[PDB]
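Protein chains in written order, with full-length UniProt numbering: chain A, 2 to 119, 123 to 157; chain B, 3 to 268; chain C, 141 to 208; chain D, 6 to 23, 27 to 117, 119 to 173.
Worksheet: one structure, shown below.
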Amino acid sequence: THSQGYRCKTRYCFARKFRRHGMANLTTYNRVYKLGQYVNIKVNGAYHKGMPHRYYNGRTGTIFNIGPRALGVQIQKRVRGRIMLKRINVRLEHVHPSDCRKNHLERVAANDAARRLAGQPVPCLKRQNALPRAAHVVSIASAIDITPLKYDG
Amino acid sequence: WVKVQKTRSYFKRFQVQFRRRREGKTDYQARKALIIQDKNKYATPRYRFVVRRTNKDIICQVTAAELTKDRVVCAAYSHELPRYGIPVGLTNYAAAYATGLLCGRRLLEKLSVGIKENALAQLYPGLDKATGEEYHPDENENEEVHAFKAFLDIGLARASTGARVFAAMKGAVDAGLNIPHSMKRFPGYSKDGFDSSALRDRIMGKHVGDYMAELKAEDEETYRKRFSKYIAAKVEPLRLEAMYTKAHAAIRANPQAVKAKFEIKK
Amino acid sequence: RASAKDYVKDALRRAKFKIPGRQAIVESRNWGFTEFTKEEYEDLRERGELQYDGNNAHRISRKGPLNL
Amino acid sequence: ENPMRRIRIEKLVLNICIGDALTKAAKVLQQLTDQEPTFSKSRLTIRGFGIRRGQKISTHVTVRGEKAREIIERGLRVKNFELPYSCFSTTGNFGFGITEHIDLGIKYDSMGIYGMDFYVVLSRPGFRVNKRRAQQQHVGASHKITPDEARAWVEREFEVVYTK
RNA sequence: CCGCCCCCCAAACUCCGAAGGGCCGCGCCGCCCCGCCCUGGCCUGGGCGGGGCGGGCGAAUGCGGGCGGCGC
RNA sequence: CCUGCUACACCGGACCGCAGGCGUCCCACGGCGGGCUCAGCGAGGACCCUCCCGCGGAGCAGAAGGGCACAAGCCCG
RNA sequence: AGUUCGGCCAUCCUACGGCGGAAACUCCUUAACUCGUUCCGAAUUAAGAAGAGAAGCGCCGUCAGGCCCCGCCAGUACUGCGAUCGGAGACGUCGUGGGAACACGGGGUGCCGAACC
Ligand SMILES: [K+]
Ligand SMILES: [K+]
Ligand SMILES: [K+]
Ligand SMILES: [Mg+2]
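Here's what the structure looks like:
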């Protein structure tokens, strides 16, 4: 290393994606954020104010503060045998709403929906890790006959 | 012989601009500073006063930006002004003032339909008998029901002293809308006092009537060429202030919009 | 060409003793320094569909502006 | 045949490139157009050419109107209504230049003699679409002026004969 | 000078891009009401609480867990 | 103290490892608003001027990497 | 079908040929006043209605360049875990998991939302 400034080792991660330079689209400022929400951190390399350190690129956290211009996010960070809860202040161009609990809200809505419908017996609503296949018949009227081939060189 | 600038490598790396930037219809630097709002104001609507001019017409609109579009809450087009008694001269300084007055009155009457106590058209009824003086509806400062607040979005037009964009804003203020502004860029201001009589002259179309008066004096052959539509509605250049004053009163009374049912063709 | 076909493997043998390690001498099915086999190249020339550069041979265009 | 297709004279630029001769030169353009002319500064330094950098080198003025057309029938009358066939650019413009400036008119040479470029631009009605601030687009390819279209127009309006 | 082919290359070249890693989530939800106070044109929001209701334990495998003091 | 690489796609990772930089410079070379578009090729014009196309091939104090076009570059208040 | 304001930012771009216009948008006409051009009403600001589908714009076309999807390339390149497998080594092999890219051939060539005629 021998040199460890704030933006060291950032040649590729802070660069823009191919044919995606210039100003951010205006959805970056029309989204509504709320206390307790989950967010992803992704650094946009063209916006230099409130730009988080490279350690936080690609982490997921929770909103603790809603300020006039920036958001406050809590990140769990491992330090040498313990986890630390870190708090940072980041401007809007580097935050996106996160879908880490999207799958869980769809299931909770679907179980209460399928309960309301009762199909008179209640269906099994636990997730199932893929089971071994059941017994079945398959036709061998038309079967292909293959074999190893000879070396060609 | 000569190197070719548009190779297939030039095209592969080319990034297109936003569709409405390629068409030269939107500046996104100014659009970002209009719709921005503090994040502890989570989903409160924010409004813009949009004034656009074309050849043959002047448009005003009140608008709120949403995620995937923006809603027009109200709009007034100056081609409606023929019904209130203004037959010719649309897109001049007076016609821009009247159209902003139409849009402002129409919006406040739309938000006060049914409300009995302290409705937005009784509270802040605007102004009467245009003077061309400074006025600010948010000075009244009712404690419990504030004035409607909007911002002037002028787009690609130049913000010169005496542009028609600012006249249309002025008629919106005189109908009761809180639009923040200063008197600079109006006719009759000298950095040491703003004199309102000079501003009432453009408002009442006085510069138009003096041009016809002199133009008829020397070159009456051009007077037919220059103002043919004025002379076919038989409005003579001495009754404009007569004609504009009646028009404003007929606007405040019935701001409501009557929809022209229409038939198209491909 | 055919008048040299006998003596090329003798000259490749000479070069092999100047190079470290184990080397293999082989004869290819291609036509010269081109990319088609002799039989493939022969037929393509037989019907017309094969382009010619200077010392290299390509295929019919079949793409882009028709003529002009 | 079509109106909105007719060619007209867009503008005429008089350029004088050369201590106080530029002051004398500006008055000459001043008393030939009734316009304050401008002054250009030097991009580089060429001790071979004798100009430092950031310094008053040339002068020029743009003329737009029926005035432009009159000054461009006295400039040709000097050249005897004669123009090179190859003096017409790939984009519909042609130029020329005189050596003594009193060949448009006799003036007491006080202010000394000078020599100018006459560079003429033509256009059709519609070229505004590429200059206006809002909704700016390139003119269509057919609507532009080919050099063959430019020759047929000036010889009809003027009487130039194209020594080849 | 220009256009098409073509042999061969890069730790400080990359339009493409793995295996492999990393961070987060996997039970309490709905629906109507009522109270308190910076934010909005407003009869707007947002936060913290109260009630009345319907519900309800929603991947596998293993297993009890957390905090401090003094010191080598 | 700082950039790129060594470093094996989270973070971290050694050498008297590789190629280099810093102890300064600027009341404007700073803040804000408005306007404008650069490098250049091609084609023209008396012994700098004009048009056209122009994804930045320019510029942004000084290393290296990244960033930026009705601008973060240039000119004016 | 059209105009103003937008979302996503090329299936929407670039080049060259076409075809259209009742309305709409545009081009267009003018220098009294307003304000403006390192010079210039070119731009821009003001004031207008004689003329237009020549442009821009909408549409159609092209063994068009680009862009986008699919198949092939290929269980190949490379790689996690395990081996008292082979080889002087450099390197390769087998068991058990994951799995590209270039090239190549066919298809395609903006849609969604508020207000007004
Ligand atoms: K650390
Ligand atoms: K050997
Ligand atoms: K057209
Ligand atoms: Mg602005």
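Beta carbons: idealized from backbone N, C-alpha and C, even for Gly.
TODO: Please indicate yes or no: does the CB of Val-53 (chain B) lie closer than 7 Å to some heavy atom of ligand 1?
DONE: Numbered from 1 along the second sequence, position 51 holds the residue referred to as residue 53 (chain B). Not under cutoff, so the answer is no.
- [ ] Check whether the Cβ of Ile-159 (chain C) sits closer than 7 Å to any heavy atom of ligand 2, and report yes or no.
- [x] Residue mapping note: residue 159 (chain C) aligns to position 19 of the third sequence, counting from 1. In this structure, the C-beta of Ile-159 (chain C) approaches ligand 2 to less than 7 Å from one of its heavy atoms.
- [ ] Could you tell me which of D:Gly-135, D:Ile-122, D:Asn-101 sits nearest to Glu-108 (chain D), measuring between CA atoms?
- [x] For the purposes of this step, residue 108 (chain D) is taken as residue 100 along the fourth sequence, with counting starting at 1. Closest option to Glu-108 (chain D), Cα to Cα, is D:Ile-122.
- [ ] Assign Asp-176 (chain B) to one of two classes, buried (16 or more other C-beta atoms within 10 Å of its C-beta) or exposed (fewer than that).
- [x] Position 174 of the second sequence holds residue 176 (chain B). Per the 10 Å Cβ criterion, buried.
Open item on the list: Looking only at its chain, what residues have a beta carbon closer than 7 Å to the beta carbon of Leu-240 (chain B), apart from the 5 residues adjacent to it on each side?
Closed with: Working through the second sequence from its first residue, we reach residue 240 (chain B) at position 238. Taken in chain order, the residues that qualify are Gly-211.
TODO: Using a Cβ-Cβ cut-off of less than 9 Å, give me the residues of the segment 144-166 of chain D that come near chain B, in sequence order.
DONE: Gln-144, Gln-145, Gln-146
Task: Inter-residue Cα distance where the pair is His-97 (chain A) and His-22 (chain A) - done: Locating residue 97 (chain A) in the first sequence gives position 96, counting from the first residue. Locating residue 22 (chain A) in the first sequence gives position 21, counting from the first residue. If I take the Cα positions, the gap works out to 18 Å.
Task: Straight-line gap, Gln-31 (chain B) to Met-24 (chain A) (C-alpha atoms, nearest Å) - done: Within the second sequence, the letter at position 29 stands for residue 31 (chain B). Within the first sequence, the letter at position 23 stands for residue 24 (chain A). Looking at the two C-alpha atoms, the distance is approximately 9 Å.
Task: contact_flag[the segment 105-112 of chain B, the segment 167-187 of chain B] where n(CB pairs < 8 Å) is 3 or more - done: yes
Open item on the list: Distance check for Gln-77 (chain A) and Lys-87 (chain A), CA to CA, integer angstroms please.
Closed with: Taking the first residue of the first sequence as position 1, residue 87 (chain A) is located at position 86. Taking the first residue of the first sequence as position 1, residue 77 (chain A) is located at position 76. Cα to Cα, the separation comes out at about 6 Å.
Open item on the list: Between which two residues does the alpha helix (DSSP H) holding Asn-90 (chain A) run?
Closed with: Translated into positions along the first sequence, residue 90 (chain A) becomes position 89. Taken as a continuous stretch (DSSP letters only), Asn-90 (chain A) belongs to no alpha helix (DSSP H), being part of the beta strand (DSSP E) at 83-92.
- [ ] Inspect the beta-carbon positions of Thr-101 (chain B) and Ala-67 (chain B) and report whether they are closer than 8 Å.
- [x] Residue mapping note: residue 101 (chain B) aligns to position 99 of the second sequence, counting from 1. Residue mapping note: residue 67 (chain B) aligns to position 65 of the second sequence, counting from 1. It is not a contact, given that the beta carbons lie outside the stated cut-off.
- [ ] Report whether the distance from the Cβ of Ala-143 (chain D) to the nearest heavy atom of ligand 4 is below 7 Å.
- [x] Indexing the fourth sequence from 1 puts residue 143 (chain D) at position 134. For ligand 4, not one heavy atom lies less than 7 Å from the Cβ of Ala-143 (chain D).
Open item on the list: 8 Å is my cut-off, CB to CB: does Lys-236 (chain B) come that close to chain D?
Closed with: Within the second sequence, the letter at position 234 stands for residue 236 (chain B). Not an interface residue.
TODO: With 8 Å as the threshold, decide whether the Cβ of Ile-67 (chain A) is near any Cβ in chain B.
DONE: Residue mapping note: residue 67 (chain A) aligns to position 66 of the first sequence, counting from 1. Yes - at least one Cβ of chain B is within 8 Å of the one on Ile-67 (chain A).
TODO: Count the C-beta pairs between the segment 35-47 of chain D and the segment 67-78 of chain D that are closer than 8 Å, then say yes if the count reaches three, no if not.
DONE: yes
Task: Own chain residues within Cβ distance below 6 Å of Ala-161 (chain D), not counting five before or after - done: Taking the fourth sequence and counting its residues from 1, the one referred to as residue 161 (chain D) is at position 152. Taken in chain order, the list of residues that qualify is empty.
TODO: Let me know if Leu-91 (chain D) comes out buried or exposed under the rule of 16 or more other beta-carbons within 10 Å of its beta-carbon.
DONE: As a position in the fourth sequence, residue 91 (chain D) is number 83, starting the count at 1. Buried: at least 16 other Cβ atoms inside 10 Å.
TODO: Going by CA-CA distance only, name the one from B:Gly-128, B:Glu-119, B:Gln-17 that's closest to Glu-146 (chain B).
DONE: Stepping through the second sequence from its first residue, residue 146 (chain B) is reached at position 144. For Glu-146 (chain B), the closest alpha carbon among the candidates B:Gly-128, B:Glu-119, B:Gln-17 is that of B:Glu-119.
Open item on the list: Which residues in chain B have a C-beta closer than 7 Å to the C-beta of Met-24 (chain A)? List them in chain order.
Closed with: The residue you call residue 24 (chain A) lines up with position 23 of the first sequence. Ordered by position in chain B, the residues that pass the 7 Å Cβ test against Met-24 (chain A) are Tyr-30.
Task: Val-74 (chain A) and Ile-84 (chain A) closer than 8 Å at C-beta - done: The residue you call residue 74 (chain A) lines up with position 73 of the first sequence. The residue you call residue 84 (chain A) lines up with position 83 of the first sequence. Against a cut-off of 8 Å, the Cβ pair of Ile-84 (chain A) and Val-74 (chain A) comes out as no contact.
Task: First and last residue of the uninterrupted alpha helix (DSSP H) at residue 334 (chain B) - done: One cannot answer for residue 334 (chain B) here, as it falls past the ends of chain B, which runs 3 to 268.
- [ ] Would you please state the rounded distance, in angstroms, between the beta carbons of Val-126 (chain A) and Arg-116 (chain A)? I believe it to be under 8 Å.
- [x] In the first sequence, counting from the first residue as 1, residue 126 (chain A) sits at position 122. In the first sequence, counting from the first residue as 1, residue 116 (chain A) sits at position 115. Indeed, because the Cβ distance is near 6 Å, the residues count as touching under 8 Å.
Open item on the list: Contact criterion: CB-CB distance below 8 Å. Does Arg-55 (chain D) meet it with respect to chain B?
Closed with: Your numbering for residue 55 (chain D) matches position 47 in the fourth sequence. Judged by the 8 Å Cβ criterion, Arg-55 (chain D) is not in contact with chain B.
- [ ] Output, in chain order, the set of chain D residues within a Cβ distance shorter than 7 Å of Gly-26 (chain B).
- [x] Position 24 of the second sequence, counted from the start, is the residue given in the question as residue 26 (chain B). Within chain D, the residues near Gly-26 (chain B) are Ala-143, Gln-144, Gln-145.
Open item on the list: Are there any heavy atoms of ligand 4 lying less than 7 Å away from the beta-carbon of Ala-249 (chain B), as far as the coordinates show?
Closed with: Indexing the second sequence from 1 puts residue 249 (chain B) at position 247. Because no heavy atom of ligand 4 lies under 7 Å away, the Cβ of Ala-249 (chain B) does not count as near it: no.
Task: Whole-Å CB distance - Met-120 (chain D) paired with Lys-32 (chain D), under 8 Å assumed - done: Reading the fourth sequence from its first residue, position 111 is the one you call residue 120 (chain D). Reading the fourth sequence from its first residue, position 24 is the one you call residue 32 (chain D). About 5 Å; that satisfies the 8 Å criterion.
Open item on the list: When you compare the CB of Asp-40 (chain B) with every CB in chain A, is at least one pair closer than 8 Å?
Closed with: Numbered from 1 along the second sequence, position 38 holds the residue referred to as residue 40 (chain B). For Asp-40 (chain B), the answer is yes, since a Cβ of chain A falls inside 8 Å of its Cβ.
Open item on the list: Suppose contacts are defined by Cβ-Cβ distances below 8 Å. Is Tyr-44 (chain B) in contact with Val-33 (chain A) by that definition?
Closed with: As a first step, residue 44 (chain B) must be located in the second sequence, where it is residue number 42. As a first step, residue 33 (chain A) must be located in the first sequence, where it is residue number 32. In this structure, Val-33 (chain A) lies closer than 8 Å to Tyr-44 (chain B) by Cβ.
Task: Complete alpha helix (DSSP H) runs within the segment 12-67 of chain B (minimum length 4 residues, chain order) - done: 21-24, 30-37
Task: Cβ-based contacts, 9 Å cut-off: residues of the segment 31-60 of chain A near chain B - done: Cβ contacts with chain B: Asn-31, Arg-32, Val-33, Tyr-34, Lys-35.
Open item on the list: Only counting the same chain, and skipping five residues up and downstream in sequence, which positions put a Cβ closer than 6 Å to that of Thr-93 (chain B)?
Closed with: As a working mapping, residue 93 (chain B) is identified with position 91 in the second sequence. Once the five neighbours on either side are set aside, the close Cβ partners of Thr-93 (chain B) are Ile-60.
Task: Spatial distance of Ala-96 (chain B) from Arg-166 (chain B) (CA atoms) - done: As a working note, residue 96 (chain B) is residue 94 in the second sequence. As a working note, residue 166 (chain B) is residue 164 in the second sequence. Whole-angstrom Cα-Cα distance: 9 Å.
Task: Touch test, the segment 14-23 of chain D against the segment 128-139 of chain D, Cβ-Cβ under 8 Å, three pairs minimum - done: yes
Open item on the list: DSSP has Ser-66 (chain D) in a bridge; who is on the other side?
Closed with: The sequence position of residue 66 (chain D) within the fourth sequence is 58, counting from 1. Beta-bridge pairing links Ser-66 (chain D) to D:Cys-22.
TODO: Using alpha carbons as the reference points, say which of D:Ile-154, D:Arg-55, D:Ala-150, D:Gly-105 lies closest to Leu-84 (chain D).
DONE: Counting from one through the fourth sequence, the residue named residue 84 (chain D) turns up at place 76. Nearest to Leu-84 (chain D) by C-alpha distance, out of D:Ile-154, D:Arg-55, D:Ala-150, D:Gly-105, is D:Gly-105.
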